[PDB]
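Visitor: Residue numbers (the authors' numbering), protein chains in the order written: chain G, 21 to 331, 337 to 652, 662 to 861, 870 to 943; chain I, 377 to 470.
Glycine residues also receive a C-beta, built at the ideal position from the N, C-alpha and C atoms.
Quick one: the structure is below, and I'll ask about it shortly.
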Amino acid sequence: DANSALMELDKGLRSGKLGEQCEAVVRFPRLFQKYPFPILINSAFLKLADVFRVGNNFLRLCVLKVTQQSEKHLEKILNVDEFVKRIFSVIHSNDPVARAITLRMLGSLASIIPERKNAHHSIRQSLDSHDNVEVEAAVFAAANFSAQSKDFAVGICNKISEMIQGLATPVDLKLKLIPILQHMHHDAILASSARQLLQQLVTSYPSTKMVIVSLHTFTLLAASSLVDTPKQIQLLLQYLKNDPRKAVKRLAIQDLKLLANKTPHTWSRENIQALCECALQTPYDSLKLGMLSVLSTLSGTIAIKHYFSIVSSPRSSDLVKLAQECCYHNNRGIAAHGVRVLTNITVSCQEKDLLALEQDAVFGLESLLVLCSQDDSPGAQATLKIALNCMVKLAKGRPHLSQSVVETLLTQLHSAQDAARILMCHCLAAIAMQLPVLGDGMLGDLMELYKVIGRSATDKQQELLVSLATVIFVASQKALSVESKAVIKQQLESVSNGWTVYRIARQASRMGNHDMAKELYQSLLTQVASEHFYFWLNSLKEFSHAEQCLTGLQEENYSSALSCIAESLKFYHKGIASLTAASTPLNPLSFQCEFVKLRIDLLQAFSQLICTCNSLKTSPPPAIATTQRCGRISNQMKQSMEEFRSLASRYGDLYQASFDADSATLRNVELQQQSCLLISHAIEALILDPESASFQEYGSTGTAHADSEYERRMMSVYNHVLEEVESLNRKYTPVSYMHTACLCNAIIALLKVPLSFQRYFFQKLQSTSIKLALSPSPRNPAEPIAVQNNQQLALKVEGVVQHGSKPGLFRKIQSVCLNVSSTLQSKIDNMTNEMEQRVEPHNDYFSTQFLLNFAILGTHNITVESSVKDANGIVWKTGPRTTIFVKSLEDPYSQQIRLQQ
Amino acid sequence: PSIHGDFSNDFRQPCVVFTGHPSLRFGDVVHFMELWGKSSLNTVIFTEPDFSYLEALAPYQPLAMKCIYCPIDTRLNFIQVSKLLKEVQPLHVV
């Protein structure tokens, strides 16, 4: 049912009515989106071409619209020459509107035909014509060809130079033709000639209209040709300084904004001096906001480090004082830009005679905060965003200010409206997440604030409870008191949405407070109106129950270890039964089931290990026969090697097969895998061959990023276990009981730090899938493709990538590794044709050519695997795992020859 | 002149093929000594002296290609050498 849509819509195309043909033409883009493979694309584009050739000039506009929309599918066209000839057969017509439409189609088609000479001749001929629609379409197509072709660029450089300063072709047409000079960056002397022509134009037509158009053109030429961008930044400083007009100044602002966003390393010191000095003596306020917005975007990059470079007192520098009087300005936006600049100076380079500004910086934030808290307007909300981002960055860069930072924030958490409680709770959440030592310093104060929310408004209430209980969970780095649980619970019994309690429960499951997760999951379990959502909530409840059982541990007590581990396994198994029941074909929950299954396997590896440590106290030294490994305990810990190493491999396999998670979920998977490697190394350093260890951890054990509290406690446990392993290296007997005690304490230390269900367990932001439509003949089901067993099978695998939303949010596909293998299904098994190829997609397409050698006699099983390679370099093992069946026939002449031989 | 051309679109199995240098180390003889040297259905017919038979098959063993040492020599052997020497008897023999 792939070409059937093509025959249906082209049956629509063979009508004699304009309406049905137009309907089919405008229905083509949906069909393009549904099947993107180039057979259908090429066929439908040729049909669009020979519908375009004969038409009543309104079908032509519709096909132009479809070509404009479906630009990313244009490179998939195979029979390019017939397509372009059918389109080009309308230039020689005498209807000027049809000609203009066809030049617009050529301009749309520019990507696939950069160096077609007759197209350039048609553009040049129609460009100096007298019909206005033809002229405008010619300028459009000249702009679109000039971005790709170079000989067209130089010839049209001469032509457009002549027609701009030809003193005919009135000012509207000149405004239309200056972007032709914008697209004109291909060669050095071409760029220089365009630069001279633009300078002559801007000094020759000193208007409001032409100066704006010419300056935007001139800066796009500068940002395209990176050979004299500082000259244009310089020229923009004289245009922003010495020009009385206002709109020219506004373009100078947006121009310097674009140039600072693009190439900030070219900004020289005197350029920043000129920008700051022009920002001082301006009488207006919107212009002030614009220049200091440009300086704020310039302050977030390495331009400041070039500005504050050794070989004057930086207190006397223009930028810092300008930041001061615009941080203490009346308008809110200019204050936000100034406090961004001051925060960025503080976070950047650490010269001594800047440190006093630190004090100014922090006071600035709270001053701005008490201006923008009590306003309730979207501009004030954006000012809140900017201020709180500056608060986070300021506390991040200089931690010794940070404590003062957080306490000031709590003051404005006492008196502000319901839209200001949120995002301040978020700033507190971020600061107390990465830097935890301050979080407890809130504790109880949030309690009374939370009490006030018992009698607050209703419109923004639910999000506000979500934010407050989230920052409560973040701040409670050690645990939560029973009274804290009681007050949170009674408040959300007082009023709740039902989805708010779900968000609170999943926040608690994220942080590690699994008892309140239990209680809210009970509340959800009584609730809710579907099958698999009920099973999902039951599974989450059981996981919270097992994790409270894991929190109920005591150090140096192995009996409680076995008991609580058994309770955790039984609650996890009720939970994994619920998860298996909750799985749906529409939403095939795969990360959750694998994560829970490997968690179960980790705790059972721990259980077998702890009872194996108990086996030395539960068996003989060996036997009467043994009198360099003696006893069954050696074989048992070798099995522990096998289980833990396989478990680490399975954690790695779960890491590689996701590709759609965030940094935190991946880092948590890394924590679990590192726990498996930790226990494996700890055992193979104590009992199984101490002799060839000889390492004593010759790597760094400090100075970590510590992006979460769970990460920090994991790393502390890791370092403590490695310290115990280094100390107890080669002093004692190979079996020992300090060795078993070391394993016991290691297992207790790993199970004390609870767990963290991360973001990918609950919500999925990025969804990427691959198609891989195999076409040797695609078969049907059990029917195999017949091969003649004297030639190879040209597989011809072709693929396309499907993105759920926001194309690539976290990681971007750079190249894709297709792997193919065979298997003799008759019963190594045909490993002789394992093949690998790297693909770089153009827009979404994958096109490779695979030859498979089927040689022996039988039915073979082709499997195709995908492997995404990202921009950094990590390979990711996703893919549909496509399998196809082949039967190997023989030539009867060859069969008779083999029988005779 | 070569396989590169008219031989590709005129080749007919079975055939009698006369190939390049009989030393079995360079020419088109190496290509047909491969490919076809997989079945006992075919044979290679060595016909020219002053190249060792078993030594020519030495890089090609192990091998299932049928081989017959059938050397054709036209040079005179020792009986007519004796006839020549008793016919035109010299003063010295080198």
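(1) Among all the DSSP beta bridges, which residues are the ones paired with residue 864 (chain G)?
(2) Could you check whether the Cβ of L417 (chain I) sits closer than 7 Å to any Cβ belonging to chain G?
(3) Indicate whether at least one CB of chain I lies closer than 7 Å to the CB of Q943 (chain G).
(4) How about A630 (chain G) and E572 (chain G): are their beta carbons less than 7 Å apart?
(5) Which residues in chain I sit within 7 Å of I939 (chain G), going by Cβ to Cβ distance?
(6) Please confirm if the segment 820-839 of chain G is in contact with the segment 763-782 of chain G, defined as three or more CB-CB distances below 8 Å between the two stretches.
(7) Run the CB neighbour count on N369 (chain G), radius 10 Å, all protein chains shown included, and call it buried at 16 or more, exposed below.
(8) According to the Cβ coordinates, are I447 (chain G) and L489 (chain G) closer than 7 Å?
(9) Using the three-state DSSP reduction, which class does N903 (chain G) fall into: helix, strand or coil?
(10) Using a Cβ-Cβ cut-off of 6 Å (strictly less than) and excluding sequence neighbours within five positions of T321 (chain G), which residues of its own chain qualify?
(11) How many Å lie between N77 (chain G) and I111 (chain G) at the Cα?
(12) Just verifying my parser: in three-state terms, what is the DSSP assignment at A157 (chain G)?
(13) If you draw a straight line from the C-alpha of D694 (chain G) to the C-alpha of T920 (chain G), how long is it?
(14) Quick one: what's got a C-beta closer than 7 Å to residue 336 (chain G)'s C-beta in the same chain, skipping five residues either side?
(15) Indicate whether the contact test is met: 3 or more Cβ pairs, each with one atom in the segment 833-851 of chain G and one in the segment 783-797 of chain G, closer than 8 Å.
(16) For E102 (chain G), report the span of its alpha helix (DSSP H) as first-last.
(17) Mark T249 (chain G) as exposed unless 16 or more other C-beta atoms lie within 10 angstroms of its C-beta, in which case mark it buried.
(18) How is residue 945 (chain G) classed by DSSP in three states: helix, strand or coil?
(19) Where does the unbroken beta strand (DSSP E) through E424 (chain I) begin, and where does it stop?
(20) Take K377 (chain G) as the anchor and find which of G:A386, G:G358, G:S338 has the nearest alpha-carbon.
(21) Mind checking which residues open and close the beta strand (DSSP E) that includes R880 (chain G)?
(22) Using 8 Å as the cut-off, can you tell me whether the segment 288-297 of chain G makes contact with the segment 340-358 of chain G, which would need three or more C-beta pairs spanning the two stretches below that distance?
(23) Can you tell me whether DSSP reads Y445 (chain I) as helix, strand or coil?
(24) Pick from G:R813, G:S750, G:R940, G:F620: whose alpha carbon is nearest that of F791 (chain G)?
(25) Report the option in G:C618, G:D115, G:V71, G:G577 whose CA atom is closest to the CA atom of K31 (chain G).
(26) Is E567 (chain G) buried or exposed, if buried means 16 or more other CB atoms sit within 10 Å of its CB?
(27) Between which two residues does the alpha helix (DSSP H) containing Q532 (chain G) stretch?
(28) For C851 (chain G), write down the residues that DSSP places opposite it in a beta bridge.
(29) Are there 16 or more other CB atoms within 10 angstroms of the CB of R940 (chain G), so buried, or fewer, so exposed?
(30) In the DSSP output, which residue or residues are listed as bridge partners for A828 (chain G)?
(31) Which residue marks the beginning of the alpha helix (DSSP H) containing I713 (chain G), and which one marks its end?
(32) Following the continuous beta strand (DSSP E) through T924 (chain G), name the residue where it begins and the one where it ends.
(33) With DSSP as the reference, label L493 (chain G) as helix, strand or coil.
(34) Contact between the segment 598-608 of chain G and the segment 683-699 of chain G: three or more CB pairs below 8 Å?
Guide: Working from what's here:
(1) No coordinates are present for residue 864 (chain G), because the numbering of chain G runs from 861 directly to 870.
(2) yes
(3) yes
(4) Cβ atoms of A630 (chain G) and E572 (chain G): not closer than 7 Å.
(5) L417
(6) no
(7) buried
(8) yes
(9) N903 (chain G): strand per DSSP, three-state reduction.
(10) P284
(11) 13 Å
(12) helix
(13) 10 Å
(14) The structure shown gives no position for residue 336 (chain G): in chain G, residue numbering passes from 331 to 337 with nothing in between.
(15) no
(16) Here the alpha helix (DSSP H) through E102 (chain G) covers 100-108.
(17) buried
(18) Because chain G spans 21 through 943 in this model, residue 945 (chain G) falls outside it and cannot be assessed.
(19) Segment: none, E424 (chain I) is in no beta strand (DSSP E) and carries neither H nor E.
(20) G:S338
(21) Annotation for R880 (chain G): the continuous beta strand (DSSP E) segment containing it runs 877-881.
(22) Result yes; three or more Cβ-Cβ pairs closer than 8 Å.
(23) Three-state DSSP puts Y445 (chain I) in a strand.
(24) G:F620
(25) G:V71
(26) buried
(27) Per DSSP, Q532 (chain G) belongs to the alpha helix (DSSP H) from 525-536.
(28) G:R880
(29) Exposed.
(30) G:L893
(31) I713 (chain G) -> alpha helix (DSSP H) spans 697-720.
(32) For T924 (chain G), the uninterrupted beta strand (DSSP E) segment begins and ends at 924-930.
(33) helix
(34) no
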